[PDB]
Amino acid sequence: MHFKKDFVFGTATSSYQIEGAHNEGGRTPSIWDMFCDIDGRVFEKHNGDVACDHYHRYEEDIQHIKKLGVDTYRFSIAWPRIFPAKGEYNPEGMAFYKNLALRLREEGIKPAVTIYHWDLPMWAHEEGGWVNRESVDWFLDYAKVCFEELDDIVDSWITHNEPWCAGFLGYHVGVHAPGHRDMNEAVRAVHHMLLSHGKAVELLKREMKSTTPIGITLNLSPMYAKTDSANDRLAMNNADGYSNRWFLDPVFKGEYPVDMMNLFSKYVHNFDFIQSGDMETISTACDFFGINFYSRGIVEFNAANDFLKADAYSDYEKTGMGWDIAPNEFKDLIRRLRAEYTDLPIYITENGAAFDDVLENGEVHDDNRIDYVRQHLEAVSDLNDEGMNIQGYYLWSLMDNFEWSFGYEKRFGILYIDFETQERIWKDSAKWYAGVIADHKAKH
Amino acid sequence: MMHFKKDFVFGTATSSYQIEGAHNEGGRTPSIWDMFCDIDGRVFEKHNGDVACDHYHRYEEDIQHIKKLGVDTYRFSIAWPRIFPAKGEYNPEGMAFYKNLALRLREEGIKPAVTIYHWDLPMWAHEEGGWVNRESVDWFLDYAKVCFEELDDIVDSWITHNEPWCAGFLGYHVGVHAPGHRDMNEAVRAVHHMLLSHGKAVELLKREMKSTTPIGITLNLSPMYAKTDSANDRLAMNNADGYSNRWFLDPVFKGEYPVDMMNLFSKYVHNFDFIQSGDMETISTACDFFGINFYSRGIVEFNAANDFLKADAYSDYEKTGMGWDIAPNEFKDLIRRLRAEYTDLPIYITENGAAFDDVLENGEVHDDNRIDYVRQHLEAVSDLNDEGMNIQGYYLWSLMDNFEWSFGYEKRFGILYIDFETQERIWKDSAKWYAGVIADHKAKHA
Amino acid sequence: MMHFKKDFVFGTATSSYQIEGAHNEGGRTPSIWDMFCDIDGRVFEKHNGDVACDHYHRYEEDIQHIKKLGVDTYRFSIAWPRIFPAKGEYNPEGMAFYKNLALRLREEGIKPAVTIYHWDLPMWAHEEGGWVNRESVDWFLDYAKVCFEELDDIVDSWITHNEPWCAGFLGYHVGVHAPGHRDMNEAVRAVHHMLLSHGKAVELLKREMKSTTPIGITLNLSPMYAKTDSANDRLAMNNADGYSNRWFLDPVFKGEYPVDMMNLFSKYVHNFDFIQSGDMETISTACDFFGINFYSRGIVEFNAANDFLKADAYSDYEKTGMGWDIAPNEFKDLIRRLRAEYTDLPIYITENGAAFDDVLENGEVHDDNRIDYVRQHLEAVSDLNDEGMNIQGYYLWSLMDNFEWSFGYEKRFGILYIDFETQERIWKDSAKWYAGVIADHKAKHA
Amino acid sequence: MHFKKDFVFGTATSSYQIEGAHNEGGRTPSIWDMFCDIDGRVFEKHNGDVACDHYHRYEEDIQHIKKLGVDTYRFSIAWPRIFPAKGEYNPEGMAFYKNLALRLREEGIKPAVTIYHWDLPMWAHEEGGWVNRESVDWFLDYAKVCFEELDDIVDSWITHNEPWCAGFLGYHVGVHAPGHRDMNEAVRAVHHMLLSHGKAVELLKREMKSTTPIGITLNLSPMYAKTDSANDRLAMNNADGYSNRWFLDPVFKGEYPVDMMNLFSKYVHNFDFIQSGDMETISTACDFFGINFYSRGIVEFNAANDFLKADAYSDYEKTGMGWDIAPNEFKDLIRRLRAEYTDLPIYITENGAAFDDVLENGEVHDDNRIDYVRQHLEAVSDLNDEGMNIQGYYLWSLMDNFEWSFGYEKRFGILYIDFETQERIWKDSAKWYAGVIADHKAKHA
């Protein structure tokens, strides 16, 4: 439990989930705005018009952050505010983020900035979106202005959050925005996201001559086989390939996994979207590696499935989301990354869980939630003792927010939010986390 | 508004594993569904049909309930593992129960409609490969013969198979029902043998046994509709229609499999040698009636990421507690289509009904929502017979709240509420209504 | 024994790139085939249409040969890169050649039948995507528009496309023809845009321009037969028939694609959004005739390892030098089928002929083998017209020995032998005989 | 042209290609008999009824082998001679082989024996052939009787020859016997061939405690991309996996390549034929590794192929078969096997070429065939200098023979054969190969 003095505690949010003010400050609609209006996609047509109203109440949320004592606050910049039209910079929107990052340092908080957290402007989407290769140049223009204006203030940069979500989860299964269901589109989308990542890192480090730490965050879910039979092992491999290896291998090994390419060849009949001079750029050296972790997945074989797999039954204890609680399996995942992929310092940029919390006499007794977080904080200590060099942990999420396709029915926040009144109320969960940070900063 | 002719049959329906229980007595061995209920993650909270509605012991009581409805027909199924608990070994104690039942129904002036196969395949047959094995055709005729020999005099009508789409594709391809396999190659062979076993049994009964007792198959049919007028959605609907409907309708009425589905299934099914010479002519053997299980429609749209190029589409319709669309208009389209494209045989609706979140209050469940549902479809039936569509009967699914398969006891389709802890039956709202509907219909006639 | 009706047209046929030569003369720019010849392994020993039959210069010479055959009609194609060597840049020099050609034939008493597209797509269109691109519809109308304005008065009949299966599937799927791509997704759009451009070109001439010149399309057709009577081989035939024939026949006459083929192609093609609203109605626009190119049948069997489930089966038929089956009985089968299911338009056999190992000896060529082939088919045509199949005409492929695409100059289809060194035209026995067949028919007339 | 002092030169044949005597000595028909009779499968319905008539002329061919001075002669055993019926051993059949092995030893020639060379008996095929898992147990019954009676005489054992041909080429493409076209049957056949290999090896090394060298021979063809684009490399990977890694990985790594499994999943929708313990048995340690090498294949990408390849155009000098002459790429392949796969001793169990041989005055002067073999032997010589440890080399083929689907139209032999006289005539190349052996032995002191 003895975290090193340089160890960083944090909390995290994303712009569309909390900001609101959807038509104010020059903001134009995003892909998610249009997704919310597509039928059958989101719980009861819920949207991010208002959300946590963070764009107006940003100063107030900073106050909450100071008392927790977190070293770092991770937030995302809303693209359709910065470029509501192509090539058209909106200074009111950037102004909001510049003061905010400056203000966090004044209150002694390191700002960690996510460039892309899924909020693609509608103008980009209508030209094909990420499926179009031009999407690469549009993102660097977006990233450049942010670098120009904020690099002196900001502590760390994150290019993309969960390309698996924005790519496959978004363009193949059609659950997230823009809700397309086309595997050919999906692999072109992912590649251009990853390629846009590498060009921006390249741009910042060489041209812009900046030494601000930059890297990517990938969400990783380890996959396990039900039996030792050959069938169940193939399912694991493909599940691991689909969620994890398709992204890790190009980032660290500068190649795509041929086993997944052959499986995807049932839908993807050309890889000419891979131009000469891409995978080396994609695999450009970063200063750190970012990991979003939430759970594992147990898989078994399916003969009727195109990818030969379906989800199997878990008897493990499960959260309100139905996700497995898996701190042991979390420990398994990191050793693999050091052993096979990378020795860079890792930052856990998101972790948390949803349960059905009931407010009783002004307080929420979420002891179930406490257990989940503590078990992972215990794992982080054990792993730094193992030499896994985990220099930080960001708790997802700071506030209860718009939880994508589940809407406001699921609460990941450490701060409860009455979405009717926009009132901020500190949960019982802070009691330990607020105190752990104080306690850690006491031993020195 | 909804009148019917003098020979019109009102009915209600059940299946064997869903209500009987007593899985140990009278020589019964386990079926595929017993083991399936014990497999983790497949059925709601590991629920099973060990006790069920305990209908095996209180069948005489349930007979009185049928009598009081005044219904002309009762449709039930025969449990195979009670009749052949091991390969080749007949158990006359199990048969006597069904012999007594048919006789008791005859004494009370009620027509027994009997389903031979309602998805409860004995384990010994499964362990030899089940419906996947071509010998299965022969097992079922041995099973059917014994039933014919003892019950053909008493019984008014025979049903060979109930919803082979369910017993086949959702069970062998999608893995939701027993035995819970997921293999399209396995799925089409299973279906083929089921349809072939139906036809061989029908051929054996009318030719060799020379019996005139009405016999037929029961298919569930769900008409499919496009979200948009685009070409894509037309492809999607066609394929959805082929998967659920055309794959089963074409062999029964055209003596051929639809080549468009064969081509789509060739992604998983790389040989059709299971279709032997002579088979397709047997499947299309002339029947006395056609049976339809109807519940709802399905709206579908195109999917590039889907192997069959289709996914379920959002419906703005009023929905049941199951989430199923209420679709009496679309029902009429299906029936009109069948006459136009497939058959002019007399149709019987062997299952129709709905599940809603029933609450017990002062010994009563005020399921006006279910009354409305049932009423609209019975109204639709009357309208179609005015068009000459010749729907000669209707069986209401279901008589009792029961084990609803993978949903367990969590979903209630019954007109009777059942406290499974106490086995109490309680008559409510409808059924009196259904009894009143038949009474009102009876009272116009002299 | 033949006997043809008095209004019956006899003809012979060519295509522009196969005979014209003059590849760099008259403002002509390279075509896809020009580019296609210089890729390795695609065409026999790198042969090209640079010189070819040099017909651009000697066209005056060749008109007399055509006149001597006594043919009613001469079919030729127009080279697109001669008419539009650059986008929107009309070349009056290139066109001037073809009006003169057509004018001279009218003076010699010969009907000019003109094919707009015979596979020679200009390179500028290909570099922008070619037929895969929807703009190709628009490019063709500009090309088609200039030709309708200047020639519609002289010409007797118009053929929009020759063998879109070759230009489409052989070119974009199998990679054998120009531009040699191997992509089924690209392939279905290319065919679709070819078929759509046809419908627009027909719509343009008769609606806007109000003209009554007979117009239609030419499809190559090959009837398909199952090796065995098994279910598998029936599927194999269905799928072979669809790839070659129904995919083209159904849109032209039914205004729809065969869903069974769409499902088989869904292993490579995962969206049909290229089919816009209105497209299918344009494709099925009423024509004056239907053209058929016939060469052979194809015997197929089932293959589990084949994506389209078929391979070629061993044939005991008499054979040409190329290995294509000689199938006059099967030719009659195709025509009867067309009248029953598809169309009652007047049919024209726009190409028929054969290739054999022709040697020139002592100034004359005794090609009785080629005669036999043609003889068997001409009797059949007369027989079909007795049955009422209303075949108003026949074109004999070809006139001269020419560039046979990927096979080059190794294969001779001509009734006139060509020494490619001197470019001398020498009449084969078959040309005199065919001329004599017409003469005898004409002498029978009045 | 340097060789180790213990290096073995040799030649090789197979039973159905040379033996003949198709209805003599108790032999029953093989799958290859029926395949030859199916229309359009083999050149002009040719078959192995007479072939080189080696069953009768075994004494003459033994002399020819002794004169070449080859250290080793490799031949295959005809299964339908040994088990003409199910469960019924035929000692008359074994006698033919017993004299041959005994006569070779007398002449100082080491016999290297291939157990399975594609001539599966008809009783087995009609029960499913290699598609049935039982086929594993039949081959062990076949192998056991061979070990008890011949393991004392024989110098080396080869369990299976080219499971790619017998498996994929036979059950997937349809070019070889039994000429089926079903990938599911094919992958089941391959696994059972490989499993039967390993179970037979285990019996020899554990129960019979015998140290006679045993191993498998795979044919390997290295794969090269036409261009350096990403597309053409994926095409290459899949060709490499289909021809090579599908066989090398289970034998040496004890696993199937998941990349190939996914690609084959378009046809193969269950892998329950891989029982537990199977892959463990297959990778049981062998004494050597056999390689049949003939050529490379240059491939490029094609979007309309299921396996993403249709082969690319080659500008290399080519044989009469149309196969590339590729000794440089051969040196790459061996290096690859040492880096990734095995340090076992390597034997080149088949190498050779077909050229349009013209008989002129009791002579067919095949200098072109001499070039081919000499180039490869130099490459063999160059590799041993690197330490690649190639202990031996068998020249294909001893005589002109039945070349399967090509029939008697093609000639791989160093000895020409007039099929109407059945005369064996040596070429200068035969003399040359003999003189190479002579020149090797000659430099000792």
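This text goes with the structure placed above it.
Analysis parameters
Residues numbered from 1 in each chain as written, not as in the entry; some residues may be left out. Chains lettered and ligands numbered in written order. Heavy atoms only, no water. Contact = heavy atoms within 4.5 Å. Buried area = accessible area lost by both parts, 1.4 Å probe. Salt bridge = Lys/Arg side-chain N within 4 Å of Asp/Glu carboxyl O. Helix = DSSP H or I, 4+ residues; strand = E, 2+ residues; numbered from the N terminus. Nonpolar A, V, L, I, M, F, W, Y, C, P; charged D, E, K, R; others polar. Pairing = 2+ DSSP bridges. Patch = residues over 30% accessible without salt bridge, like charges linked within 9 Å, V, L, I, M, F, W, Y side chains within 5 Å. Areas by Shrake-Rupley, 256 points an atom, 1.4 Å probe, with all protein chains shown as cover. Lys, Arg positive; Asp, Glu negative; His and termini not counted. Charge placed at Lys NZ, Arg CZ, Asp CG, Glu CD. Least-squares fit on C-alpha atoms. Buried < 20%, exposed > 50% of the residue type's maximum accessible area, 1.4 Å probe, protein only. Polar contact = N/O pair within 3.5 Å; in protein donor to acceptor, adjacent residues only side chain to side chain. Axes fitted to C-alpha atoms, helices over the stretch in contact; angles between N-to-C directions. Arc of directions from axis to C-beta. Left-handed = near helix turned anticlockwise from the far one by under 90°. Expected span 1.5 Å × (residues − 1). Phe/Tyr/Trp six-rings, centres within 6.5 Å; stacked < 30°, edge-to-face > 60°. Core = buried A, V, L, I, M, F, W, Y, C linked by side-chain atoms within 4.5 Å. 1 Å grid on protein atoms, 1.4 Å probe; cavity = no way out; pocket = protein on both sides within 12 Å on 5 of 7 lines; lining within 4 Å. Points joined across faces, edges and corners; volume = space filled by probe spheres on them.

**Q** For this particular structure, what's the right way to read the interface of chain B and chain C?
**A** A common measure of how large an interface is: the accessible area buried when the components associate. Facing 22 residues of chain B, the contacting portion of chain C comprises 22 residues. Interface area for chain B against chain C, summed over the two sides, is near 1700 Å², with a carbon-plus-sulfur share of 58%. Scanning the region where chain B abuts chain C turns up zero salt bridges. Looking at the side of chain B that touches chain C, the element that brings in the most residues is helix α11 (residues 259-265) of chain B, giving six residues. A breakdown of the residues in the side of chain B that touches chain C according to their chemical character gives eleven nonpolar, seven polar and four charged.

**Q** Can you walk me through the pairing of strand β12 (residues 416-419) of chain C in this structure?
**A** The two faces of a sheet get side chains in turn, since along a regular strand they alternate between them. Residues and elements named next belong to chain C. Pairing between β12 and strand β13 (residues 424-427): four bridges, direction antiparallel. Across the sheet, residue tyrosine 417 finds its bridge partner in β13, namely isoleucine 426. A loop of four residues connects β12 with β13, the two strands running antiparallel in sequence, and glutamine 423 in this loop sits at a positive phi of about 60°.

**Q** Explanation requested: a negative patch on the surface in the structure shown.
**A** Among the surface-exposed residues, D:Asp371, D:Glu378, D:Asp382 and D:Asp385 lie close enough to one another that they form a single negatively charged patch. With respect to the element layout, D:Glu378 can be found in helix α14 (residues 367-386).

**Q** Please clarify how the relation of the copies chain B and chain C should be interpreted in this entry.
**A** Note: a rotation about an axis with an accompanying shift along it relates these two copies of the chain. Rotating chain B by 179° and moving it 0.1 Å along the rotation axis overlays it on chain C with an RMSD of 0.4 Å. Classification of the inter-copy transformation places it as that of a two-fold axis. Among all residues of chain B, the minimum C-alpha distance to the rotation axis is found for B:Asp260, at 1.9 Å. Of all interface residues in chain B, 95% are interface residues in chain C too; the two copies therefore contact each other through one and the same surface.

**Q** I would appreciate a short explanation of unusual backbone geometry in the present structure.
**A** Leaving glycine out, the prevailing phi sign among residues is negative, and the prevailing peptide bond configuration is trans. Omega for the bond connecting D:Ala177 with D:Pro178 falls within 30 degrees of zero, at 10°, which places this linkage in the cis form. Its place among the elements puts D:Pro178 in the loop between α8 (163-173) and α9 (183-207). Geometrically, the link from D:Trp396 to D:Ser397 is a cis peptide bond, its omega value of 0° lying close to zero. Structurally, D:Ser397 is set in the loop between β10 (390-395) and β11 (415-418). Unlike most non-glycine residues, B:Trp405 shows phi in positive territory, near 60°. Mapped onto the secondary structure, B:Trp405 falls in the loop between β11 (391-396) and β12 (416-419). Despite not being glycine, C:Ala446 has its phi angle at roughly 40°, a positive value. Within the fold, C:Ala446 resides in the segment after α15 (429-444). Given a relative accessible area of 96%, C:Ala446 falls into the exposed group.

**Q** I would appreciate a short explanation of the environment of A:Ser314 in the present structure.
**A** All names here are of chain A. Here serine 314 lies in the loop between β9 (309-311) and α13 (327-340). Overall, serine 314 belongs to the buried group, its relative accessible area being 10%. Polar side-chain contacts of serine 314 include one of 3.4 Å to the backbone nitrogen of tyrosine 316. For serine 314, the side chain forms a polar contact with the side chain of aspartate 324, separated by 3.1 Å.

**Q** Help me understand the sheet that holds strand β7 (residues 290-294) of chain C, please; the structure alone is not making it clear to me.
**A** As a general point, the strands of a sheet are linked pairwise by backbone hydrogen bonds and lie either parallel or antiparallel. All names here are of chain C. Judged by pairing direction, the barrel is parallel, and its eight strands sit side by side in the order β1-β2-β3-β4-β5-β7-β10-β11 before closing back on the first. When strand polarity is set aside, the average angle formed by the axes of neighbouring strands in this sheet is 25°. Relative to strand β2 (residues 73-77), strand β1 (residues 9-13) runs parallel, the two being bridged by three bridges. What sits directly across from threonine 12, in β2, is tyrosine 74. Taken strand by strand, α15 contacts β1 and β11 (391-396), and its axis lies near 165° from that of β1.

**Q** Help me out: how do you make sense of helix α3 (residues 58-68) of chain A in this one?
**A** Two residues of an α-helix separated by three or four positions point the same way, owing to the 3.6 residues in each turn. All names here are of chain A. Buried within α3 we find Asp61, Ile62, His64, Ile65 and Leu68. Seen end-on, α3 carries its buried residues on one side only, within an arc spanning 155°. In this fold, the buried residues of α3 make contact with β2 (72-76), α5 (91-106), β12 (415-418), β13 (423-426) and α15 (430-440). Where α3 terminates, the next one or two residues include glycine 69, which has phi positive at roughly 85°.

**Q** Looking at this model, I keep getting lost on the packing of helix α13 (residues 328-341) of chain C against helix α14 (residues 368-387) of chain C. Mind explaining?
**A** Working note: a packed helix pair is described by the angle between its axes plus the distance between those axes. Residue and element names in this part refer to chain C. The N-to-C vectors of α13 and α14 enclose an angle of 35°; their axes lie 10 Å apart at closest approach. Seen from above, α13 lies across α14 with right-handed handedness. Mapping the contact onto sequence places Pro328, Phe331, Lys332, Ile335 and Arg336 in α13 and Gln376, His377, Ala380, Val381, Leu384 and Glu387 in α14.

**Q** I would appreciate a short explanation of α13(C) in the present structure.
**A** The terminal C-alpha atoms of α13(C), which comprises 14 residues, lie 21 Å apart, in line with the 20 Å expected from a rise of 1.5 Å per residue. Taken as a whole, α13(C) has its buried residues at C:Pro328, C:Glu330, C:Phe331, C:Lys332, C:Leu334, C:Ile335, C:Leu338 and C:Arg339.

**Q** Can you help me understand the environment of C:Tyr317 in this one?
**A** Mapping C:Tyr317 onto the fold places it in the loop between β9 (310-312) and α13. In this structure C:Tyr317 touches C:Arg297, C:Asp325, C:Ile326 and C:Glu330, once residues within four positions along its chain are discounted.

**Q** What exactly am I supposed to notice about the packing of aromatic side chains here?
**A** Each aromatic ring pair is summarised here by two numbers: the centre-to-centre distance and the angle between the ring planes. Residue and element names in this part refer to chain C. Applying the stated criterion to the full structure yields 175 aromatic pairs over all chains. Taking the centre distance of 6.4 Å and the plane angle of 80° together, the rings of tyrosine 243 and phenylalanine 265 count as edge-to-face. Highlighted residues: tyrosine 243 in helix α10 (residues 231-254) and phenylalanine 265 in helix α11 (residues 259-265), separated in sequence by 22 residues. Here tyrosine 243 and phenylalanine 265 have matching classes, each one buried.

**Q** I would appreciate a short explanation of the pattern of salt bridges in the present structure.
**A** Note that side chains of opposite charge can pair when their charged atoms are close. Residue and element names in this part refer to chain A. Tallied over the full model, the rule gives 109 salt bridges over all chains. Among the salt bridges present, the one from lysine 427 reaches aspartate 357, with a minimum N-O distance of 3.8 Å. Of this pair, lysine 427 sits in the loop between β13 and α15 while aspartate 357 sits in the loop between β10 (346-351) and α14 (367-386), and the two are 70 residues apart along the sequence. Accessibility expressed as a relative area gives 13% for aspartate 357, which makes it buried.

**Q** Looking at this model, I keep getting lost on the sheet that holds β2(A). Mind explaining?
**A** Residue and element names in this part refer to chain A. Read around the closed barrel, eight strands run β1-β2-β3-β4-β5-β7-β10-β11, paired in parallel fashion. On average, adjacent strands in this sheet sit at an angle of 25° to one another, irrespective of strand direction. Two elements, β10 and strand β11 (residues 390-396), share four bridges in a ladder whose sense is parallel. Counterpart to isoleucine 348 in the pairing with β11 is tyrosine 393. Its contacts with the sheet place α14 against β1 (8-12), β10 and β11, and it is angled at close to 170° to β11.

**Q** What exactly am I supposed to notice about the packing of helix α7 (residues 135-151) of chain C against helix α9 (residues 184-208) of chain C here?
**A** Residues and elements named next belong to chain C. Contact pair α7 / α9: the axes reach a minimum separation of 9 Å and the direction vectors enclose 35°. Here α7 and α9 pass one another in a crossing that is right-handed. Where α7 abuts α9, its residues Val137, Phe140, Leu141, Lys145 and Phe148 lie against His193, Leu196, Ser197, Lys200, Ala201, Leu204 and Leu205. For the contact of α7 with α9, the residue count by class is eight nonpolar, two polar and two charged.

**Q** Would you take a moment to explain the nonpolar core for this structure?
**A** Here is a general trend for soluble globular proteins: nonpolar side chains tend to be buried in one another's company. Residues and elements named next belong to chain B. Ranked by size, the top nonpolar core spans 139 residues in total, and within it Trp33, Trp80, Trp158, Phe169, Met184, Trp247 and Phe290 carry the most contacts. With eleven residues, the top contributor of residues to this core is helix α9 (residues 184-208). Residues contacting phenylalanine 169, with those up to four places away along its chain left out, are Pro164, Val174, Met184, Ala187, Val188, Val191, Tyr243, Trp247 and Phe248.

**Q** How do you make sense of the pairing of β1(C) when you look at a structure like this?
**A** Residues and elements named next belong to chain C. Taken across its five residues, β1 has five buried, putting it largely inside the fold. Note that β1 and β11 share four bridges and pair parallel. Note that in β11 the partner of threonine 12 across the bridge is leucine 396.

**Q** Sorry if this is basic, but what is going on with empty space enclosed by the protein here?
**A** To find leftover empty space, one rolls a probe the size of a water molecule over the atoms. The calculated volume of the largest cavity comes to roughly 310 Å³. Along its surface, the largest cavity is lined by 23 residues, and A:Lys266, B:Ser266, B:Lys267, C:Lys267 and D:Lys266 are the ones closest to its centre.

**Q** Explanation requested: the side chain of C:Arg28 in the structure shown.
**A** Residue and element names in this part refer to chain C. Within the fold, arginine 28 resides in the loop between α1 (16-19) and α2 (32-37). Polar contacts involving the side chain of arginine 28 include one to the side chain of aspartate 34, which spans 3.5 Å. Setting aside chain neighbours within four positions, we find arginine 28 in contact with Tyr17, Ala22, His23, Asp34, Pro81 and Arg82.

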